[PDB]
>>> print(open('data-v6.cif').read())   # mmCIF, N, CA and C atoms; chains and numbers go by the auth columns
data_entry
loop_
_atom_site.group_PDB
_atom_site.id
_atom_site.type_symbol
_atom_site.label_atom_id
_atom_site.label_comp_id
_atom_site.label_asym_id
_atom_site.label_seq_id
_atom_site.Cartn_x
_atom_site.Cartn_y
_atom_site.Cartn_z
_atom_site.B_iso_or_equiv
_atom_site.auth_seq_id
_atom_site.auth_asym_id
ATOM 1 N N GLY A 1 -2.764 -4.562 -21.359 0.00 1 A
ATOM 2 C CA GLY A 1 -2.551 -3.135 -21.508 0.00 1 A
ATOM 3 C C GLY A 1 -3.192 -2.333 -20.393 0.00 1 A
ATOM 4 N N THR A 2 -4.505 -2.482 -20.239 0.00 2 A
ATOM 5 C CA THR A 2 -5.239 -1.763 -19.205 0.00 2 A
ATOM 6 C C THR A 2 -4.744 -2.145 -17.814 0.00 2 A
ATOM 7 N N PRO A 3 -5.022 -1.278 -16.828 0.00 3 A
ATOM 8 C CA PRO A 3 -4.614 -1.504 -15.438 0.00 3 A
ATOM 9 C C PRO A 3 -5.387 -2.645 -14.786 0.00 3 A
ATOM 10 N N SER A 4 -4.769 -3.285 -13.799 0.00 4 A
ATOM 11 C CA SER A 4 -5.399 -4.397 -13.096 0.00 4 A
ATOM 12 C C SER A 4 -4.929 -4.457 -11.645 0.00 4 A
ATOM 13 N N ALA A 5 -5.676 -5.180 -10.818 0.00 5 A
ATOM 14 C CA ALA A 5 -5.336 -5.320 -9.407 0.00 5 A
ATOM 15 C C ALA A 5 -3.916 -5.847 -9.234 0.00 5 A
ATOM 16 N N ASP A 6 -3.433 -6.572 -10.238 0.00 6 A
ATOM 17 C CA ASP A 6 -2.087 -7.134 -10.196 0.00 6 A
ATOM 18 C C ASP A 6 -1.038 -6.027 -10.146 0.00 6 A
ATOM 19 N N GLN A 7 -1.390 -4.860 -10.676 0.00 7 A
ATOM 20 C CA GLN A 7 -0.477 -3.724 -10.693 0.00 7 A
ATOM 21 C C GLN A 7 -0.337 -3.117 -9.300 0.00 7 A
ATOM 22 N N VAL A 8 -1.404 -3.203 -8.513 0.00 8 A
ATOM 23 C CA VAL A 8 -1.401 -2.663 -7.159 0.00 8 A
ATOM 24 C C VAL A 8 -1.047 -3.740 -6.140 0.00 8 A
ATOM 25 N N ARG A 9 -0.369 -4.786 -6.602 0.00 9 A
ATOM 26 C CA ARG A 9 0.030 -5.885 -5.731 0.00 9 A
ATOM 27 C C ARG A 9 1.206 -5.477 -4.847 0.00 9 A
ATOM 28 N N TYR A 10 1.653 -6.401 -4.004 0.00 10 A
ATOM 29 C CA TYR A 10 2.768 -6.137 -3.103 0.00 10 A
ATOM 30 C C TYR A 10 3.661 -7.367 -2.968 0.00 10 A
ATOM 31 N N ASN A 11 4.903 -7.145 -2.549 0.00 11 A
ATOM 32 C CA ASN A 11 5.858 -8.234 -2.378 0.00 11 A
ATOM 33 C C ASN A 11 6.392 -8.270 -0.949 0.00 11 A
ATOM 34 N N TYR A 12 6.581 -9.476 -0.424 0.00 12 A
ATOM 35 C CA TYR A 12 7.085 -9.649 0.933 0.00 12 A
ATOM 36 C C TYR A 12 8.579 -9.350 1.002 0.00 12 A
ATOM 37 N N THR A 13 8.933 -8.302 1.739 0.00 13 A
ATOM 38 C CA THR A 13 10.329 -7.909 1.887 0.00 13 A
ATOM 39 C C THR A 13 10.724 -7.826 3.357 0.00 13 A
ATOM 40 N N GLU A 14 12.024 -7.716 3.610 0.00 14 A
ATOM 41 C CA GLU A 14 12.531 -7.628 4.975 0.00 14 A
ATOM 42 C C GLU A 14 12.748 -6.174 5.382 0.00 14 A
ATOM 43 N N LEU A 15 12.342 -5.840 6.603 0.00 15 A
ATOM 44 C CA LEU A 15 12.491 -4.482 7.114 0.00 15 A
ATOM 45 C C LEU A 15 13.633 -4.402 8.121 0.00 15 A
ATOM 46 N N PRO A 16 14.156 -3.183 8.328 0.00 16 A
ATOM 47 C CA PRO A 16 15.256 -2.943 9.265 0.00 16 A
ATOM 48 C C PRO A 16 14.827 -3.113 10.719 0.00 16 A
ATOM 49 N N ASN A 17 13.518 -3.108 10.948 0.00 17 A
ATOM 50 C CA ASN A 17 12.979 -3.262 12.295 0.00 17 A
ATOM 51 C C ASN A 17 12.921 -4.734 12.693 0.00 17 A
ATOM 52 N N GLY A 18 13.248 -5.611 11.749 0.00 18 A
ATOM 53 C CA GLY A 18 13.228 -7.036 12.020 0.00 18 A
ATOM 54 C C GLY A 18 12.038 -7.729 11.391 0.00 18 A
ATOM 55 N N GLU A 19 10.970 -6.973 11.155 0.00 19 A
ATOM 56 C CA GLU A 19 9.761 -7.525 10.555 0.00 19 A
ATOM 57 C C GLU A 19 9.880 -7.569 9.034 0.00 19 A
ATOM 58 N N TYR A 20 8.790 -7.943 8.372 0.00 20 A
ATOM 59 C CA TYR A 20 8.772 -8.029 6.917 0.00 20 A
ATOM 60 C C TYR A 20 8.156 -6.775 6.304 0.00 20 A
ATOM 61 N N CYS A 21 6.855 -6.604 6.506 0.00 21 A
ATOM 62 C CA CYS A 21 6.143 -5.448 5.975 0.00 21 A
ATOM 63 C C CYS A 21 4.694 -5.432 6.455 0.00 21 A
ATOM 64 N N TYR A 22 4.097 -4.246 6.475 0.00 22 A
ATOM 65 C CA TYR A 22 2.715 -4.094 6.915 0.00 22 A
ATOM 66 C C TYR A 22 1.752 -4.212 5.738 0.00 22 A
ATOM 67 N N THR A 23 0.805 -5.139 5.847 0.00 23 A
ATOM 68 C CA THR A 23 -0.178 -5.355 4.793 0.00 23 A
ATOM 69 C C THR A 23 -0.837 -4.044 4.379 0.00 23 A
ATOM 70 N N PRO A 24 -1.452 -4.041 3.186 0.00 24 A
ATOM 71 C CA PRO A 24 -2.133 -2.858 2.650 0.00 24 A
ATOM 72 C C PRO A 24 -3.407 -2.524 3.418 0.00 24 A
ATOM 73 N N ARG A 25 -3.797 -1.254 3.382 0.00 25 A
ATOM 74 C CA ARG A 25 -4.999 -0.805 4.076 0.00 25 A
ATOM 75 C C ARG A 25 -4.843 -0.958 5.587 0.00 25 A
ATOM 76 N N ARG A 26 -3.597 -1.007 6.046 0.00 26 A
ATOM 77 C CA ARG A 26 -3.313 -1.152 7.468 0.00 26 A
ATOM 78 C C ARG A 26 -2.678 0.118 8.028 0.00 26 A
ATOM 79 N N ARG A 27 -2.991 0.426 9.283 0.00 27 A
ATOM 80 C CA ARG A 27 -2.454 1.613 9.935 0.00 27 A
ATOM 81 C C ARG A 27 -0.945 1.490 10.130 0.00 27 A
ATOM 82 N N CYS A 28 -0.199 2.413 9.532 0.00 28 A
ATOM 83 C CA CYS A 28 1.255 2.409 9.637 0.00 28 A
ATOM 84 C C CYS A 28 1.763 3.732 10.202 0.00 28 A
ATOM 85 N N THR A 29 3.080 3.847 10.332 0.00 29 A
ATOM 86 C CA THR A 29 3.694 5.059 10.859 0.00 29 A
ATOM 87 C C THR A 29 4.649 5.679 9.846 0.00 29 A
ATOM 88 N N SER A 30 5.285 4.831 9.043 0.00 30 A
ATOM 89 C CA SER A 30 6.227 5.296 8.032 0.00 30 A
ATOM 90 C C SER A 30 6.020 4.554 6.715 0.00 30 A
ATOM 91 N N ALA A 31 6.196 5.267 5.608 0.00 31 A
ATOM 92 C CA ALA A 31 6.031 4.677 4.284 0.00 31 A
ATOM 93 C C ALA A 31 6.941 3.466 4.106 0.00 31 A
ATOM 94 N N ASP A 32 8.162 3.570 4.617 0.00 32 A
ATOM 95 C CA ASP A 32 9.128 2.482 4.514 0.00 32 A
ATOM 96 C C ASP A 32 8.543 1.182 5.057 0.00 32 A
ATOM 97 N N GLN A 33 7.653 1.304 6.036 0.00 33 A
ATOM 98 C CA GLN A 33 7.022 0.138 6.643 0.00 33 A
ATOM 99 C C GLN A 33 6.021 -0.499 5.685 0.00 33 A
ATOM 100 N N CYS A 34 5.229 0.337 5.023 0.00 34 A
ATOM 101 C CA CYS A 34 4.227 -0.143 4.078 0.00 34 A
ATOM 102 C C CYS A 34 4.857 -1.073 3.044 0.00 34 A
ATOM 103 N N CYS A 35 4.295 -2.268 2.912 0.00 35 A
ATOM 104 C CA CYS A 35 4.799 -3.251 1.960 0.00 35 A
ATOM 105 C C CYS A 35 4.936 -2.640 0.569 0.00 35 A
ATOM 106 N N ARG A 36 6.113 -2.798 -0.028 0.00 36 A
ATOM 107 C CA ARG A 36 6.373 -2.261 -1.358 0.00 36 A
ATOM 108 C C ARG A 36 5.587 -3.029 -2.416 0.00 36 A
ATOM 109 N N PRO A 37 5.405 -2.402 -3.588 0.00 37 A
ATOM 110 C CA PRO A 37 4.671 -3.006 -4.705 0.00 37 A
ATOM 111 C C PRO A 37 5.429 -4.170 -5.334 0.00 37 A
ATOM 112 N N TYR A 38 4.690 -5.097 -5.931 0.00 38 A
ATOM 113 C CA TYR A 38 5.293 -6.261 -6.570 0.00 38 A
ATOM 114 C C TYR A 38 6.248 -5.839 -7.682 0.00 38 A
ATOM 115 N N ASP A 39 5.928 -4.727 -8.335 0.00 39 A
ATOM 116 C CA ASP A 39 6.758 -4.212 -9.420 0.00 39 A
ATOM 117 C C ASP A 39 7.110 -2.747 -9.185 0.00 39 A
ATOM 118 N N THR A 40 8.255 -2.513 -8.550 0.00 40 A
ATOM 119 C CA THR A 40 8.707 -1.158 -8.262 0.00 40 A
ATOM 120 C C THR A 40 8.839 -0.339 -9.540 0.00 40 A
ATOM 121 N N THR A 41 9.049 -1.026 -10.659 0.00 41 A
ATOM 122 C CA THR A 41 9.194 -0.363 -11.948 0.00 41 A
ATOM 123 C C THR A 41 7.836 0.026 -12.523 0.00 41 A
ATOM 124 N N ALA A 42 6.774 -0.518 -11.936 0.00 42 A
ATOM 125 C CA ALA A 42 5.419 -0.226 -12.389 0.00 42 A
ATOM 126 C C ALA A 42 4.499 0.074 -11.210 0.00 42 A
ATOM 127 N N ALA A 43 5.083 0.551 -10.116 0.00 43 A
ATOM 128 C CA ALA A 43 4.315 0.879 -8.922 0.00 43 A
ATOM 129 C C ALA A 43 5.212 1.467 -7.836 0.00 43 A
ATOM 130 N N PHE A 44 4.593 2.061 -6.822 0.00 44 A
ATOM 131 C CA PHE A 44 5.335 2.666 -5.722 0.00 44 A
ATOM 132 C C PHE A 44 4.655 2.382 -4.386 0.00 44 A
ATOM 133 N N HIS A 45 5.334 2.729 -3.298 0.00 45 A
ATOM 134 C CA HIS A 45 4.795 2.513 -1.959 0.00 45 A
ATOM 135 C C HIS A 45 4.656 3.834 -1.210 0.00 45 A
ATOM 136 N N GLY A 46 3.971 3.793 -0.071 0.00 46 A
ATOM 137 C CA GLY A 46 3.778 4.993 0.722 0.00 46 A
ATOM 138 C C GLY A 46 2.696 4.827 1.770 0.00 46 A
ATOM 139 N N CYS A 47 2.744 5.659 2.806 0.00 47 A
ATOM 140 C CA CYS A 47 1.762 5.600 3.882 0.00 47 A
ATOM 141 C C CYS A 47 0.851 6.824 3.855 0.00 47 A
ATOM 142 N N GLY A 48 -0.449 6.584 3.721 0.00 48 A
ATOM 143 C CA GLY A 48 -1.405 7.675 3.684 0.00 48 A
ATOM 144 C C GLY A 48 -2.833 7.191 3.530 0.00 48 A
ATOM 145 N N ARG A 49 -3.688 8.040 2.970 0.00 49 A
ATOM 146 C CA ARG A 49 -5.090 7.693 2.770 0.00 49 A
ATOM 147 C C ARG A 49 -5.522 7.980 1.335 0.00 49 A
ATOM 148 N N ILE A 50 -5.756 6.919 0.570 0.00 50 A
ATOM 149 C CA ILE A 50 -6.175 7.057 -0.820 0.00 50 A
ATOM 150 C C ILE A 50 -7.660 6.747 -0.980 0.00 50 A
ATOM 151 N N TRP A 51 -8.396 6.819 0.123 0.00 51 A
ATOM 152 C CA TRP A 51 -9.828 6.547 0.105 0.00 51 A
ATOM 153 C C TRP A 51 -10.565 7.439 1.099 0.00 51 A
ATOM 154 N N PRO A 52 -11.864 7.658 0.849 0.00 52 A
ATOM 155 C CA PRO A 52 -12.706 8.492 1.711 0.00 52 A
ATOM 156 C C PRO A 52 -12.974 7.843 3.065 0.00 52 A
ATOM 157 N N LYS A 53 -12.970 6.515 3.089 0.00 53 A
ATOM 158 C CA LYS A 53 -13.211 5.770 4.319 0.00 53 A
ATOM 159 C C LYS A 53 -12.145 6.086 5.363 0.00 53 A
ATOM 160 N N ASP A 54 -10.883 6.002 4.958 0.00 54 A
ATOM 161 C CA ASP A 54 -9.771 6.282 5.859 0.00 54 A
ATOM 162 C C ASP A 54 -9.766 7.750 6.277 0.00 54 A
ATOM 163 N N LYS A 55 -10.283 8.609 5.405 0.00 55 A
ATOM 164 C CA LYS A 55 -10.339 10.039 5.682 0.00 55 A
ATOM 165 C C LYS A 55 -11.237 10.327 6.881 0.00 55 A
ATOM 166 N N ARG A 56 -12.297 9.539 7.023 0.00 56 A
ATOM 167 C CA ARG A 56 -13.234 9.709 8.127 0.00 56 A
ATOM 168 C C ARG A 56 -12.524 9.557 9.470 0.00 56 A
ATOM 169 N N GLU A 57 -11.718 8.507 9.591 0.00 57 A
ATOM 170 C CA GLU A 57 -10.983 8.248 10.824 0.00 57 A
ATOM 171 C C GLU A 57 -9.701 9.074 10.877 0.00 57 A
ATOM 172 N N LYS A 58 -9.249 9.528 9.713 0.00 58 A
ATOM 173 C CA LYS A 58 -8.034 10.330 9.624 0.00 58 A
ATOM 174 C C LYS A 58 -6.838 9.571 10.188 0.00 58 A
ATOM 175 N N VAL A 59 -6.521 8.435 9.574 0.00 59 A
ATOM 176 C CA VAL A 59 -5.398 7.616 10.014 0.00 59 A
ATOM 177 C C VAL A 59 -4.602 7.091 8.824 0.00 59 A
ATOM 178 N N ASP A 60 -3.322 7.444 8.773 0.00 60 A
ATOM 179 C CA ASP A 60 -2.451 7.007 7.688 0.00 60 A
ATOM 180 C C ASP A 60 -2.430 5.484 7.588 0.00 60 A
ATOM 181 N N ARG A 61 -2.588 4.974 6.371 0.00 61 A
ATOM 182 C CA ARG A 61 -2.589 3.535 6.140 0.00 61 A
ATOM 183 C C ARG A 61 -1.739 3.179 4.925 0.00 61 A
ATOM 184 N N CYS A 62 -1.214 1.957 4.913 0.00 62 A
ATOM 185 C CA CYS A 62 -0.381 1.492 3.811 0.00 62 A
ATOM 186 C C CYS A 62 -1.186 1.419 2.516 0.00 62 A
ATOM 187 N N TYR A 63 -0.637 1.996 1.453 0.00 63 A
ATOM 188 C CA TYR A 63 -1.303 1.998 0.155 0.00 63 A
ATOM 189 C C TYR A 63 -0.312 1.701 -0.966 0.00 63 A
ATOM 190 N N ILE A 64 -0.821 1.159 -2.068 0.00 64 A
ATOM 191 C CA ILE A 64 0.018 0.828 -3.213 0.00 64 A
ATOM 192 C C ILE A 64 -0.720 1.075 -4.524 0.00 64 A
ATOM 193 N N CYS A 65 -0.135 1.909 -5.377 0.00 65 A
ATOM 194 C CA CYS A 65 -0.735 2.229 -6.667 0.00 65 A
ATOM 195 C C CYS A 65 0.223 1.902 -7.810 0.00 65 A
ATOM 196 N N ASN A 66 -0.302 1.896 -9.030 0.00 66 A
ATOM 197 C CA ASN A 66 0.506 1.598 -10.208 0.00 66 A
ATOM 198 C C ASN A 66 1.267 2.836 -10.672 0.00 66 A
ATOM 199 N N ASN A 67 2.243 2.628 -11.550 0.00 67 A
ATOM 200 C CA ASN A 67 3.047 3.727 -12.073 0.00 67 A
ATOM 201 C C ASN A 67 2.167 4.762 -12.769 0.00 67 A
ATOM 202 N N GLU A 68 1.061 4.299 -13.343 0.00 68 A
ATOM 203 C CA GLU A 68 0.135 5.186 -14.039 0.00 68 A
ATOM 204 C C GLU A 68 -0.735 5.952 -13.048 0.00 68 A
ATOM 205 N N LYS A 69 -0.665 5.558 -11.781 0.00 69 A
ATOM 206 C CA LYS A 69 -1.445 6.207 -10.734 0.00 69 A
ATOM 207 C C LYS A 69 -2.927 6.228 -11.093 0.00 69 A
ATOM 208 N N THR A 70 -3.358 5.240 -11.871 0.00 70 A
ATOM 209 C CA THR A 70 -4.752 5.145 -12.286 0.00 70 A
ATOM 210 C C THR A 70 -5.514 4.144 -11.427 0.00 70 A
ATOM 211 N N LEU A 71 -4.825 3.094 -10.996 0.00 71 A
ATOM 212 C CA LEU A 71 -5.437 2.063 -10.164 0.00 71 A
ATOM 213 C C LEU A 71 -4.748 1.978 -8.806 0.00 71 A
ATOM 214 N N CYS A 72 -5.522 1.663 -7.774 0.00 72 A
ATOM 215 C CA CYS A 72 -4.986 1.547 -6.423 0.00 72 A
ATOM 216 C C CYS A 72 -5.715 0.458 -5.641 0.00 72 A
ATOM 217 N N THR A 73 -5.130 0.052 -4.518 0.00 73 A
ATOM 218 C CA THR A 73 -5.721 -0.983 -3.679 0.00 73 A
ATOM 219 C C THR A 73 -7.163 -0.642 -3.320 0.00 73 A
ATOM 220 N N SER A 74 -7.928 -1.657 -2.929 0.00 74 A
ATOM 221 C CA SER A 74 -9.325 -1.464 -2.560 0.00 74 A
ATOM 222 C C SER A 74 -9.442 -0.593 -1.314 0.00 74 A
ATOM 223 N N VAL A 75 -10.676 -0.267 -0.941 0.00 75 A
ATOM 224 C CA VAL A 75 -10.927 0.561 0.233 0.00 75 A
ATOM 225 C C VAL A 75 -11.202 -0.299 1.462 0.00 75 A
ATOM 226 N N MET A 76 -11.650 -1.528 1.229 0.00 76 A
ATOM 227 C CA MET A 76 -11.949 -2.450 2.319 0.00 76 A
ATOM 228 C C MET A 76 -10.890 -3.544 2.411 0.00 76 A
#
>>> encode(input="data-v6.cif", output="structure tokens")
Amino acid sequence: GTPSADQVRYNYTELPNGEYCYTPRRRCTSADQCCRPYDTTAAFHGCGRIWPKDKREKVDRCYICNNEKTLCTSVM
């Protein structure tokens, strides 16, 4: 029932640029690049900063949270 790291997981997919996807907590340019969540029905993708650490450098990074938006990938 409760949220878990499994909810903020990701799945390996193919991108239009020829690559697969950019790992989480990695500097990206477009959300589409950021690896999508393992369960699109229980999570979403996007490029930004969901932590104070990334805010310091001010650099958009791949992130993945659950549908409940209660749990998200680690900061490190």
>>> residues_near_point(input="data-v6.cif", point="(4.0, 3.5, 6.3)", cutoff="6.5 Å", atoms="only N, CA and C atoms", output="PyMOL selection string")
chain A and resi 28-34+46-48+61-62
>>> residues_around(input="data-v6.cif", residues="residue 44 of chain A", least_positions_apart="4", cutoff="7 Å", atoms="only C-alpha atoms", output="number ranges by chain")
A: 36-37, 40, 64-67
>>> closest_residue(input="data-v6.cif", among="A:7, A:13, A:2, A:73", to="residue 42 of chain A", atoms="all atoms listed in the file")
A:7
>>> select_by_dssp(input="data-v6.cif", residues="chain A", states="strand (DSSP E or B)", output="VMD selection string")
chain A and resid 10 22 27 34 37 43 to 48 61 to 66 72
>>> atom_distance(input="data-v6.cif", atom1="atom C of residue 6 of chain A", atom2="atom N of residue 50 of chain A")
17.5 Å
>>> resolve_selection(input="data-v6.cif", expression="the PyMOL selection byres (((chain A and resi 12 and name CA) around 7) and name CA)", output="list in words")
residues 10, 11, 13, 20, 21 and 35 of chain A
>>> residues_around(input="data-v6.cif", residues="residue 51 of chain A", least_positions_apart="3", cutoff="8 Å", atoms="only N, CA and C atoms", output="JSON, numbers by chain")
{"A": [48, 54, 55, 56, 74, 75]}
>>> axis_aligned_box(input="data-v6.cif", around="segment 55-71 of chain A", padding_each_side="4 Å", output="JSON")
{"center_x": -5.1, "center_y": 5.6, "center_z": -1.6, "size_x": 24.3, "size_y": 17.5, "size_z": 32.9}
>>> atom_distance(input="data-v6.cif", atom1="atom CA of residue 25 of chain A", atom2="atom CA of residue 63 of chain A")
6.1 Å
>>> residues_around(input="data-v6.cif", residues="residue 3 of chain A", least_positions_apart="6", cutoff="9 Å", atoms="only C-alpha atoms", output="number ranges by chain")
A: 66, 68, 70-71
>>> write_last_selection(input="data-v6.cif", atoms="N, CA and C atoms", output="PDB file, in the coordinates of the input")
ATOM      1  N   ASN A  66      -0.302   1.896  -9.030  1.00  0.00           N
ATOM      2  CA  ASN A  66       0.506   1.598 -10.208  1.00  0.00           C
ATOM      3  C   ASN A  66       1.267   2.836 -10.672  1.00  0.00           C
ATOM      4  N   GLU A  68       1.061   4.299 -13.343  1.00  0.00           N
ATOM      5  CA  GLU A  68       0.135   5.186 -14.039  1.00  0.00           C
ATOM      6  C   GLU A  68      -0.735   5.952 -13.048  1.00  0.00           C
ATOM      7  N   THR A  70      -3.358   5.240 -11.871  1.00  0.00           N
ATOM      8  CA  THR A  70      -4.752   5.145 -12.286  1.00  0.00           C
ATOM      9  C   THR A  70      -5.514   4.144 -11.427  1.00  0.00           C
ATOM     10  N   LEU A  71      -4.825   3.094 -10.996  1.00  0.00           N
ATOM     11  CA  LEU A  71      -5.437   2.063 -10.164  1.00  0.00           C
ATOM     12  C   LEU A  71      -4.748   1.978  -8.806  1.00  0.00           C
TER      13      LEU A  71
END
>>> atom_distance(input="data-v6.cif", atom1="atom C of residue 43 of chain A", atom2="atom CA of residue 27 of chain A")
19.4 Å
>>> closest_residue(input="data-v6.cif", among="A:60, A:1, A:41, A:24", to="residue 76 of chain A", atoms="only N, CA and C atoms")
A:24
